[PDB]
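Novice: File follows, data-v7.pdb with PDB, C-alpha atoms:
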```pdb
ATOM      1  CA  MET A   1      12.086 -60.551  21.329  1.00  0.00           C
ATOM      2  CA  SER A   2      11.887 -60.515  25.120  1.00  0.00           C
ATOM      3  CA  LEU A   3      13.644 -57.210  24.644  1.00  0.00           C
ATOM      4  CA  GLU A   4      10.416 -56.187  22.907  1.00  0.00           C
ATOM      5  CA  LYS A   5      12.380 -56.385  19.647  1.00  0.00           C
ATOM      6  CA  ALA A   6      10.875 -52.950  19.345  1.00  0.00           C
ATOM      7  CA  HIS A   7      13.919 -51.853  21.265  1.00  0.00           C
ATOM      8  CA  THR A   8      15.329 -51.170  17.859  1.00  0.00           C
ATOM      9  CA  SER A   9      12.281 -49.016  17.335  1.00  0.00           C
ATOM     10  CA  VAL A  10      12.712 -49.952  13.702  1.00  0.00           C
ATOM     11  CA  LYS A  11      16.468 -50.355  13.837  1.00  0.00           C
ATOM     12  CA  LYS A  12      17.473 -47.415  15.995  1.00  0.00           C
ATOM     13  CA  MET A  13      14.455 -45.895  14.358  1.00  0.00           C
ATOM     14  CA  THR A  14      15.492 -45.472  10.765  1.00  0.00           C
ATOM     15  CA  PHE A  15      12.458 -43.194  10.640  1.00  0.00           C
ATOM     16  CA  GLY A  16      14.787 -40.624   9.262  1.00  0.00           C
ATOM     17  CA  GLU A  17      17.623 -40.192  11.702  1.00  0.00           C
ATOM     18  CA  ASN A  18      19.525 -39.623   8.502  1.00  0.00           C
ATOM     19  CA  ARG A  19      16.654 -37.529   7.296  1.00  0.00           C
ATOM     20  CA  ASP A  20      17.367 -35.548  10.427  1.00  0.00           C
ATOM     21  CA  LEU A  21      19.289 -33.479   7.988  1.00  0.00           C
ATOM     22  CA  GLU A  22      15.940 -32.485   6.518  1.00  0.00           C
ATOM     23  CA  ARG A  23      18.039 -29.818   4.942  1.00  0.00           C
ATOM     24  CA  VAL A  24      15.280 -29.133   2.520  1.00  0.00           C
ATOM     25  CA  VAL A  25      15.967 -25.696   3.941  1.00  0.00           C
ATOM     26  CA  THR A  26      12.683 -24.590   2.498  1.00  0.00           C
ATOM     27  CA  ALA A  27      14.021 -21.192   3.552  1.00  0.00           C
ATOM     28  CA  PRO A  28      11.222 -19.444   1.632  1.00  0.00           C
ATOM     29  CA  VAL A  29      13.497 -17.847  -0.914  1.00  0.00           C
ATOM     30  CA  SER A  30      10.334 -17.067  -2.805  1.00  0.00           C
ATOM     31  CA  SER A  31       8.874 -15.218   0.149  1.00  0.00           C
ATOM     32  CA  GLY A  32      11.277 -12.300  -0.057  1.00  0.00           C
ATOM     33  CA  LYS A  33      10.583 -12.134  -3.797  1.00  0.00           C
ATOM     34  CA  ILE A  34       7.653  -9.866  -2.910  1.00  0.00           C
ATOM     35  CA  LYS A  35       7.461  -6.691  -0.830  1.00  0.00           C
ATOM     36  CA  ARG A  36       4.654  -4.371   0.262  1.00  0.00           C
ATOM     37  CA  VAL A  37       4.618  -0.585  -0.013  1.00  0.00           C
ATOM     38  CA  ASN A  38       1.705   1.577   1.111  1.00  0.00           C
ATOM     39  CA  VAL A  39       1.502   4.692  -1.057  1.00  0.00           C
ATOM     40  CA  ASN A  40      -1.105   7.446  -1.077  1.00  0.00           C
ATOM     41  CA  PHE A  41      -1.853   9.247  -4.337  1.00  0.00           C
ATOM     42  CA  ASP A  42      -4.016  12.253  -5.185  1.00  0.00           C
ATOM     43  CA  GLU A  43      -7.751  11.997  -5.911  1.00  0.00           C
ATOM     44  CA  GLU A  44      -7.013  12.864  -9.532  1.00  0.00           C
ATOM     45  CA  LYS A  45      -4.306  10.204  -9.604  1.00  0.00           C
ATOM     46  CA  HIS A  46      -6.924   7.661  -8.547  1.00  0.00           C
ATOM     47  CA  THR A  47      -9.474   8.715 -11.162  1.00  0.00           C
ATOM     48  CA  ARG A  48      -6.803   8.683 -13.860  1.00  0.00           C
ATOM     49  CA  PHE A  49      -5.584   5.332 -12.553  1.00  0.00           C
ATOM     50  CA  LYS A  50      -9.037   3.826 -13.026  1.00  0.00           C
ATOM     51  CA  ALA A  51      -9.187   5.048 -16.619  1.00  0.00           C
ATOM     52  CA  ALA A  52      -5.668   3.775 -17.276  1.00  0.00           C
ATOM     53  CA  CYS A  53      -6.556   0.435 -15.693  1.00  0.00           C
ATOM     54  CA  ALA A  54      -9.564  -0.101 -17.947  1.00  0.00           C
ATOM     55  CA  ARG A  55      -7.673   1.256 -20.952  1.00  0.00           C
ATOM     56  CA  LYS A  56      -4.818  -1.202 -20.452  1.00  0.00           C
ATOM     57  CA  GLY A  57      -7.186  -3.875 -19.187  1.00  0.00           C
ATOM     58  CA  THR A  58      -5.282  -4.772 -16.033  1.00  0.00           C
ATOM     59  CA  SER A  59      -5.601  -4.811 -12.235  1.00  0.00           C
ATOM     60  CA  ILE A  60      -5.021  -1.707 -10.111  1.00  0.00           C
ATOM     61  CA  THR A  61      -2.023  -3.443  -8.544  1.00  0.00           C
ATOM     62  CA  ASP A  62      -0.549  -4.412 -11.908  1.00  0.00           C
ATOM     63  CA  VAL A  63      -0.548  -0.873 -13.315  1.00  0.00           C
ATOM     64  CA  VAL A  64       1.536   0.252 -10.346  1.00  0.00           C
ATOM     65  CA  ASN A  65       3.962  -2.582 -11.042  1.00  0.00           C
ATOM     66  CA  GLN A  66       4.165  -1.225 -14.588  1.00  0.00           C
ATOM     67  CA  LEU A  67       5.036   2.380 -13.731  1.00  0.00           C
ATOM     68  CA  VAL A  68       7.729   0.964 -11.464  1.00  0.00           C
ATOM     69  CA  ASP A  69       8.896  -1.144 -14.396  1.00  0.00           C
ATOM     70  CA  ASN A  70       9.089   1.941 -16.607  1.00  0.00           C
ATOM     71  CA  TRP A  71      11.031   3.827 -13.931  1.00  0.00           C
ATOM     72  CA  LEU A  72      13.302   1.083 -12.587  1.00  0.00           C
ATOM     73  CA  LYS A  73      14.568  -0.012 -16.010  1.00  0.00           C
ATOM     74  CA  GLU A  74      14.660   3.536 -17.401  1.00  0.00           C
ATOM     75  CA  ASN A  75      15.795   5.935 -14.674  1.00  0.00           C
ATOM     76  CA  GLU A  76      18.513   3.427 -13.767  1.00  0.00           C
TER      77      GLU A  76
ATOM     78  CA  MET B   1     -39.581  41.423  31.963  1.00  0.00           C
ATOM     79  CA  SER B   2     -37.877  38.626  33.883  1.00  0.00           C
ATOM     80  CA  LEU B   3     -39.770  36.353  31.518  1.00  0.00           C
ATOM     81  CA  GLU B   4     -38.289  38.079  28.507  1.00  0.00           C
ATOM     82  CA  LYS B   5     -34.967  37.739  30.252  1.00  0.00           C
ATOM     83  CA  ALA B   6     -35.677  34.051  30.488  1.00  0.00           C
ATOM     84  CA  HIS B   7     -36.063  34.013  26.747  1.00  0.00           C
ATOM     85  CA  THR B   8     -33.610  36.855  26.263  1.00  0.00           C
ATOM     86  CA  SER B   9     -32.608  34.740  23.318  1.00  0.00           C
ATOM     87  CA  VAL B  10     -36.052  35.666  22.062  1.00  0.00           C
ATOM     88  CA  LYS B  11     -35.084  36.504  18.499  1.00  0.00           C
ATOM     89  CA  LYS B  12     -32.725  33.553  18.865  1.00  0.00           C
ATOM     90  CA  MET B  13     -29.817  35.407  20.438  1.00  0.00           C
ATOM     91  CA  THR B  14     -28.434  35.050  16.931  1.00  0.00           C
ATOM     92  CA  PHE B  15     -26.748  32.024  18.488  1.00  0.00           C
ATOM     93  CA  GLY B  16     -25.918  31.142  14.962  1.00  0.00           C
ATOM     94  CA  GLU B  17     -29.212  31.575  13.211  1.00  0.00           C
ATOM     95  CA  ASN B  18     -27.533  33.471  10.438  1.00  0.00           C
ATOM     96  CA  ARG B  19     -24.909  30.772  10.784  1.00  0.00           C
ATOM     97  CA  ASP B  20     -27.500  28.072  10.340  1.00  0.00           C
ATOM     98  CA  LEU B  21     -26.811  28.356   6.618  1.00  0.00           C
ATOM     99  CA  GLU B  22     -23.887  26.267   7.678  1.00  0.00           C
ATOM    100  CA  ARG B  23     -21.201  27.434   5.321  1.00  0.00           C
ATOM    101  CA  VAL B  24     -19.626  24.295   6.734  1.00  0.00           C
ATOM    102  CA  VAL B  25     -21.092  22.873   3.560  1.00  0.00           C
ATOM    103  CA  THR B  26     -17.577  23.606   2.484  1.00  0.00           C
ATOM    104  CA  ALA B  27     -16.554  19.995   2.787  1.00  0.00           C
ATOM    105  CA  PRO B  28     -12.908  19.555   3.802  1.00  0.00           C
ATOM    106  CA  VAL B  29     -12.372  19.613   0.034  1.00  0.00           C
ATOM    107  CA  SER B  30      -9.053  17.948   0.682  1.00  0.00           C
ATOM    108  CA  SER B  31     -11.447  15.186   1.615  1.00  0.00           C
ATOM    109  CA  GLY B  32     -10.372  11.870   0.145  1.00  0.00           C
ATOM    110  CA  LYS B  33      -7.892  13.853  -1.944  1.00  0.00           C
ATOM    111  CA  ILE B  34      -5.431  11.262  -0.679  1.00  0.00           C
ATOM    112  CA  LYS B  35      -6.107   7.586  -1.379  1.00  0.00           C
ATOM    113  CA  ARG B  36      -3.893   4.656  -0.385  1.00  0.00           C
ATOM    114  CA  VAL B  37      -3.308   1.613  -2.586  1.00  0.00           C
ATOM    115  CA  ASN B  38      -0.661  -0.731  -1.113  1.00  0.00           C
ATOM    116  CA  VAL B  39       1.272  -2.445  -3.915  1.00  0.00           C
ATOM    117  CA  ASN B  40       3.555  -5.461  -4.296  1.00  0.00           C
ATOM    118  CA  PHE B  41       7.137  -4.977  -5.493  1.00  0.00           C
ATOM    119  CA  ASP B  42       9.463  -7.765  -6.603  1.00  0.00           C
ATOM    120  CA  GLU B  43      12.722  -8.301  -4.699  1.00  0.00           C
ATOM    121  CA  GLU B  44      14.586  -6.927  -7.707  1.00  0.00           C
ATOM    122  CA  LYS B  45      12.253  -3.931  -7.923  1.00  0.00           C
ATOM    123  CA  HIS B  46      12.719  -3.185  -4.219  1.00  0.00           C
ATOM    124  CA  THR B  47      16.504  -3.565  -4.182  1.00  0.00           C
ATOM    125  CA  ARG B  48      16.855  -1.077  -7.029  1.00  0.00           C
ATOM    126  CA  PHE B  49      14.158   1.050  -5.400  1.00  0.00           C
ATOM    127  CA  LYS B  50      16.243   1.883  -2.332  1.00  0.00           C
ATOM    128  CA  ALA B  51      19.445   2.117  -4.366  1.00  0.00           C
ATOM    129  CA  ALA B  52      18.051   4.477  -7.005  1.00  0.00           C
ATOM    130  CA  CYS B  53      16.099   6.524  -4.458  1.00  0.00           C
ATOM    131  CA  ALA B  54      19.228   6.875  -2.325  1.00  0.00           C
ATOM    132  CA  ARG B  55      21.007   8.291  -5.374  1.00  0.00           C
ATOM    133  CA  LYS B  56      18.365  10.882  -6.269  1.00  0.00           C
ATOM    134  CA  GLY B  57      17.853  11.669  -2.596  1.00  0.00           C
ATOM    135  CA  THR B  58      14.168  10.764  -2.659  1.00  0.00           C
ATOM    136  CA  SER B  59      12.020   9.016  -0.054  1.00  0.00           C
ATOM    137  CA  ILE B  60      10.942   5.468  -0.921  1.00  0.00           C
ATOM    138  CA  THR B  61       7.342   6.688  -0.690  1.00  0.00           C
ATOM    139  CA  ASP B  62       7.949   9.736  -2.881  1.00  0.00           C
ATOM    140  CA  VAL B  63       9.612   7.486  -5.457  1.00  0.00           C
ATOM    141  CA  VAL B  64       6.410   5.517  -5.999  1.00  0.00           C
ATOM    142  CA  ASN B  65       4.361   8.700  -6.339  1.00  0.00           C
ATOM    143  CA  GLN B  66       6.912   9.784  -8.946  1.00  0.00           C
ATOM    144  CA  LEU B  67       6.649   6.758 -11.237  1.00  0.00           C
ATOM    145  CA  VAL B  68       2.870   6.890 -10.840  1.00  0.00           C
ATOM    146  CA  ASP B  69       2.784  10.528 -11.930  1.00  0.00           C
ATOM    147  CA  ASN B  70       5.084   9.770 -14.864  1.00  0.00           C
ATOM    148  CA  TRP B  71       3.138   6.787 -16.196  1.00  0.00           C
ATOM    149  CA  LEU B  72      -0.157   8.592 -15.550  1.00  0.00           C
ATOM    150  CA  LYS B  73       0.995  11.690 -17.440  1.00  0.00           C
ATOM    151  CA  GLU B  74       2.945   9.977 -20.218  1.00  0.00           C
ATOM    152  CA  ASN B  75       0.519   7.172 -21.059  1.00  0.00           C
ATOM    153  CA  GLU B  76      -2.592   9.262 -20.404  1.00  0.00           C
TER     154      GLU B  76
END
```
In C-alpha cells, how does this file's structure come out?
Specialist:
Amino acid sequence: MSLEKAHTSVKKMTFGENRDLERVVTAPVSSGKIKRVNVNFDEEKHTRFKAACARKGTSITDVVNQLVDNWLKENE
Amino acid sequence: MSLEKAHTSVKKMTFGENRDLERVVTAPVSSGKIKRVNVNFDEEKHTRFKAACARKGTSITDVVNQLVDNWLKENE
C-alpha cells in the first residue's frame, strides 16, 4: 500500500480503458434524416395554403411535406 | 416685393401640393406577394429532390414551388 495502492488507479484504471472504444459512434445518422429548404410562394399560394391546411387539418409544414410526397413518388 | 420673393412659394410653389394627394397610395402591390415558409424534407425526399430536379433541369427552389402549385391546384 506504501505505493498508495491507488497506483493501480483501480487496476490500471479499468474505468473503461476498454470502453475507450466507446464506438457507440452515435454518428447522428438521424440528424441527416432531415433537411431545411427556404421557399417563397405567392400571396395567393399562402392564402390557399391556409385554407388547405384547415381543410386537411394539418400544420403548415406538414402540407408542404405532402405536396412533396405527391411529387416525389409520382413524378419519379 | 423682396418679401414676396421670400415667399415666392406663396401659392405653395406647387412643390407638390397637387402631388399631396400622394398617389403613392399605390402600395408596392407586389408587397408581401412573396412569403417564405422554410420546410423540412426527409433524407429520402431530399436525395430524390436533387436527382429528379437535375433530370427536369429545374432549380431545387423552383421544384418546391412546383409541387406546391400542383397540390394547391389539384386538391383545391
Novice: Using every Cα, in order, as the fitting set, what is the least-squares RMSD of chain B against chain A?
Specialist: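 When all C-alpha atoms are superposed, the deviation is 1.6 Å.
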Novice: Just the residues within 9 Å of residue 69 (chain A), please, counting only C-alpha atoms, with nothing from its chain fewer than 4 positions along; format it as a ChimeraX atom specification.
Specialist: /A:64-65,73-74 /B:45,67
Novice: If I take CA of residue 75 (chain B) and CA of residue 42 (chain A), how far is one from the other in Å, to one decimal?
Specialist: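 Computing the Euclidean distance for CA of residue 75 (chain B) and CA of residue 42 (chain A) yields 17.3 Å.
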Novice: Mind telling me what the ChimeraX specification (/A :<12) & /B catches here, as an NGL selection string?
Specialist: :B and (29-56 or 59-76)
Novice: Could you work out how far CA of residue 27 (chain A) lies from CA of residue 12 (chain A), giving the answer in Å with one decimal?
Specialist: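 That distance, rounded to one decimal, is 29.2 Å.
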